[PDB]
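Read through the structure below, which is laid out as structure tokens, and then see the notes.
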Amino acid sequence: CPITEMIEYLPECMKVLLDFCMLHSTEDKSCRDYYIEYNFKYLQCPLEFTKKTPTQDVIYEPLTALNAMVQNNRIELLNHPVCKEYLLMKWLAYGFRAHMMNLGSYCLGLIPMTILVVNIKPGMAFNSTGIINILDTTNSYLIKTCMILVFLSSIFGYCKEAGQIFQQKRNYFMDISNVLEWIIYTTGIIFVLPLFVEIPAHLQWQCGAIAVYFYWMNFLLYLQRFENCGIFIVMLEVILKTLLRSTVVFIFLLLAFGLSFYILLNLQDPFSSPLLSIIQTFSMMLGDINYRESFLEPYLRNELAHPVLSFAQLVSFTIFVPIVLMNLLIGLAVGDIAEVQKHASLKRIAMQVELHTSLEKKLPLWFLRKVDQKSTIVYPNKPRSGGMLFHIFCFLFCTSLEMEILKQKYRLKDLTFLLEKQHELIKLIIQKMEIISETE
Amino acid sequence: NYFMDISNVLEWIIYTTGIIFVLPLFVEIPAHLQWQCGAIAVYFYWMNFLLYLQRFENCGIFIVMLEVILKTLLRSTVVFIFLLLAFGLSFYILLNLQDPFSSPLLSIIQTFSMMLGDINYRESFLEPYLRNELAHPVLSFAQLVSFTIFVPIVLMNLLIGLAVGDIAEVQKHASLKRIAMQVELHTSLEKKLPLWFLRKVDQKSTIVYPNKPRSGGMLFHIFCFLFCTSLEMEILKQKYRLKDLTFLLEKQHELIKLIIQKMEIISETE
Ligand SMILES: CCCCCCCC/C=C\CCCCCCCC(=O)O[C@H](COC(=O)CCCCCCCCCCCCCCC)COP(=O)([O-])OCC[N+](C)(C)C
Ligand SMILES: CCCCCCCC/C=C\CCCCCCCC(=O)O[C@H](COC(=O)CCCCCCCCCCCCCCC)COP(=O)([O-])OCC[N+](C)(C)C
Ligand SMILES: *C(=S)NCc1ccccc1
């Protein structure tokens, strides 16, 4: 495709082609009612090609030029103002409403559980009428509505997850967000069920704890779609996967030190069991060694069996785990964060264009014809609509030697070709030249 | 233009609060309000006084690195809010019978204090377990190991990696930024002074004696000691020379074709 070939091969001509799409009104009247017009005729195919996979029978994607510019890493073209206004129009068309609906359903699930936790003392069995101790009134109207909201949100989450099962067709097995949602909705069901079926308070609060943990832990995954927080979520992902790869070294090293301290320091209560000794060394990992309480004061009271071996184990633990292993994790984290911030400005716009090109494949085509626009008119003097809340929302959440030497090499190759032709002409001159009075 | 400016806000807080700390010479004020204002004022005076070190040449680089790290820490705050609220409400449900986790707000403040690594394992987890005072002990220890992995290991190393990257980015351009701040200071200050003072104070030439020290050797010298102190262009020149070379070679090729066009061929034809 010639536009995609221009993006692949000569992007500095695609820049000029996009410069013809930008229009202006008057250079002197730039403050008084001034406008600029953006035309998006070269950035996408017509809509009747894109969603017509059976009947047009040609491969198409929505946002053709943007996907071609992302696959070829042409970031100076993604930062062109025509492309910026194209994504901004595409977000104001259907991306904002779809994302706020997707966030609003989950937040409707999220808020009543936190209200219900911070308004009820844990450990006590509570029911639609109140809290069983006698019954506690004066909050039952709030408690009943919050339990109904959590119950309805959990069953609609089941229906949405079953729809994603019967649509995704077994690609959803190795996916973390599905597993987190299964845990959230099952556990939030069990926390609320005493309005139907009586449950002991121990099981009820044991489920409430897990649910209130995983709701807010899952709610970090919805910050990845925004432009400010997605880079923190992807750096946290990279550091956490790097920490997962290194876990067997933790297991072996920690099990060595834990069983050694279990044999050495057996008479003390933190090292009574082997499992408690393992958990204690895991807590000592950061540097909370407890030298005076566990090593010195038993030594001065003659309560250490094997004291020399115990202090040698202490200095060996202090050298290996809090010095060496923690600095290893710090060096790995510094390297990974530098690697991620090397490619941040491309990754942001790539996530946005992937979000829109994934969302557009599911919407119906009449809605696409209704909502899209071919041109946008921008007034720099006039602010955008919805100045009260939407402006604060957009402030808070939204925002070369190689090619030179390659051109050098092309010019030098043209130079040596011309010089070869010229050398052939000079040999032809000497072949046809007339030599009189210079022979012999 | 002064609305989105931090130094104006700090000065409003400083001067209002220092007024209220002193007003018992005019109007009698209870001692509680007076010392409540004195605390805020003595905090913000010395906290504001860092902003005046930015004009000097030695300390301005530390003030701008501290600015960069602090803005980077401000951008990441919603991750702190969500993660800390998750762990705080989880510990509030789990460890409810203990005094640091009696309220949800106290539980949130306690997890914020546990952030750095002051976990209090023996006092809050072990010794209640040995006295059978933990409800849900397995879930409690699982929450403990999950908290130890997420917040002091992962999140703190993330902040360290971001700080290392930002400080490297700032020290990449330090020597230009120092002189740029000095020349911006002088070119901003000169627009407000009157013109007769400018004609009075400026000089066209300066004479420097390397053998003779500058005037005010006692205090001003110690003050000036304490507070004051390429491949791309080469390949571009390469490209210009090569372009001139190919232009000359084209002219020469045209001359050689003209030679063959006008040449006289006798006894070499056919
Ligand atoms: C003695 C003991 C020693 C042990 C040492 C062990 C050391 C080992 C340590 C850690 C290994 C375990 C880490 C688990 C998840 C890592 C993978 C992951 O999320 O990356 C990716 C996202 O990453 C993110 O950005 C998400 C980050 C937040 C998720 C938090 C949930 C975890 C809660 C669990 C707590 C359970 C505790 C319960 C207790 C009650 C997801 O993977 P992906 O498919 O690439 O991306 C798809 C993303 N979309 C498209 C779906 C959006
Ligand atoms: C559970 C809780 C969890 C919460 C997590 C929260 C995590 C979030 C953390 C932090 C976010 C808040 C940071 C506030 C300021 C950051 C912006 C800033 O100063 O940068 C710039 C300078 O930067 C500097 O170099 C100045 C540095 C010193 C200023 C210190 C004053 C702060 C005192 C507040 C303490 C209040 C406490 C009161 C209590 C009594 C100023 O901005 P600028 O316009 O670019 O430059 C103009 C500079 N000139 C020209 C004016 C000179
Ligand atoms: C191939 S013909 N390029 C795609 C395209 C995009 C916009 C307008 C025309 C063509």
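Think of each number as a place in line: the chain as shown, counted from 1.
According to its header, this structure was worked out by electron microscopy, 3.1 Å.
Cβ atoms are placed via backbone N, Cα and C, with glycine included.
Lifted from Swiss-Prot, the feature list:
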{"type": "TRANSMEM", "residues": "B:2-26", "note": "transmembrane segment"}
{"type": "TOPO_DOM", "residues": "B:27-32", "note": "topological domain 'Extracellular'"}
{"type": "TRANSMEM", "residues": "B:33-53", "note": "transmembrane segment"}
{"type": "TOPO_DOM", "residues": "B:54-65", "note": "topological domain 'Cytoplasmic'"}
{"type": "MOD_RES", "residues": "B:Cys59", "note": "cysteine sulfenic acid (-SOH)"}
{"type": "TRANSMEM", "residues": "B:66-95", "note": "transmembrane segment"}
{"type": "TOPO_DOM", "residues": "B:96-104", "note": "topological domain 'Extracellular'"}
{"type": "INTRAMEM", "residues": "B:105-125", "note": "intramembrane segment"}
{"type": "SITE", "residues": "B:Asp118", "note": "site 'Crucial for calcium permeation'"}
{"type": "TOPO_DOM", "residues": "B:126-136", "note": "topological domain 'Extracellular'"}
{"type": "TRANSMEM", "residues": "B:137-163", "note": "transmembrane segment"}
{"type": "COILED", "residues": "B:233-262", "note": "coiled coil"}
Cα-to-Cα gap, the residue listed as 'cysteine sulfenic acid (-SOH)' vs B:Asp118 (site 'Crucial for calcium permeation'), nearest whole Å: 33
Distant-in-sequence neighbours of the transmembrane segment (B:66-95), which means Cβ under 8 A and at least six residues beyond its ends: 50, 101, 103-104, 107-108, 110-112, 115, 124, 134-136, 139-140, 143, 147, 150-151, 155, 159, 162-163, 166-167, 169-170
Long-range Cβ neighbours of the intramembrane segment (B:105-125) (under 8 Å; 6 or more residues past either end): 84-85, 87-89, 91-92, 95, 98, 134, 140-141, 144, 147-148, 151-152, 155-156
Same-chain residue ranges lying at least 6 outside the topological domain 'Extracellular' (B:27-32) that approach it to Cβ under 8 Å: 20
For the topological domain 'Extracellular' (B:126-136), sequence-distant contacts whose Cβ falls under 8 Å of one of its Cβ atoms, 6 or more beyond its ends: 94-98
Packing count at B:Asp118 (site 'Crucial for calcium permeation') (other Cβ atoms within 10 Å of its Cβ): 11
Tertiary contacts of the topological domain 'Cytoplasmic' (B:54-65) (same chain, 6+ residues out, Cβ under 8 Å): 166-167, 170-171, 174, 177-178, 181-182, 185, 226-229
Remote residues contacting the topological domain 'Extracellular' (B:96-104) - C-beta distance under 8 A, at least 6 residues beyond either end: 88-89, 110, 124, 128, 133, 135
Other CB atoms, at most 10 A from the CB of B:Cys59 (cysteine sulfenic acid (-SOH)): 14
Summary of DSSP states over the topological domain 'Extracellular' (B:126-136), given as helix, strand and coil counts: 5 helix, 0 strand, 6 coil
